[PDB]
């Protein structure tokens, strides 16, 4: 689901929609949400609503629009999961970072903006979140369960603003050697935080997922809100 009429244009003229949640009160910091491989779906709607309840405005851009505009896949359906994996396989990460940078610029100039923008990414979005953190166009970044962070360690010293990452300790995408590499690499830059949730799998924060772990999701989400709160005012 997207908000009708919202259009954001990227570096290369590509335009895309977004689900936008205006804040309860103005002004407010704006949070750009980088979605999972499944697109702007029920979990994204939930995430928008949550952040609005917590004193933010939120913008979730349609990152699949270069291939398939309005993608919103339900992870309960095998056919829709398969669609999502096909989209991820072909997904252009660099164009995703560009689209997110455009959404951040858009977020900054919303009429209720207090001038501060954050970025929260989930899964696909968590990997994009790290790449955006390295680019530095955003005030604070949060990434949940990003894949392949261990291959982006050269970018650790490029991060010049705070970034916080939540990772499952039983995430099959991040086995022990990868966790050790990420832990040691990210540890070199005190602007970064990486928290591991022992006993939690890849989609531990996604309500409805068989991976969901309430205690882990609760602690991660509490840390996220405390990390974003400094943007408020």
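Numbering follows the first chain given and starts at 1.
When the two stretches 58-66 and 202-210 are set side by side, the higher mean Cα temperature factor goes to 202-210. For the pair 170-178 and 40-48, the mean B factor over Cα atoms is greater in 170-178. For the set 111, 98, 162, 125, the maximum C-alpha B-factor listed in the entry falls on 111. Note on the listed residues 103, 141, 117, 90: the highest Cα temperature factor in the record is that of 90. Annotation for residue 15: CA B-factor lies in the middle third of the chain's modelled residues. Ranked against the other modelled residues of its chain, the C-alpha B-factor of residue 156 as given in the entry falls in the middle third. The deposited CA B-factor of residue 129 belongs to the lowest third of values across its chain.
When the CA B factors of the chain's modelled residues are split into thirds, the value for residue 121 lands in the lowest one.
In the PDB entry, a CA B factor belonging to the lowest third of its chain's modelled residues is recorded for residue 224.
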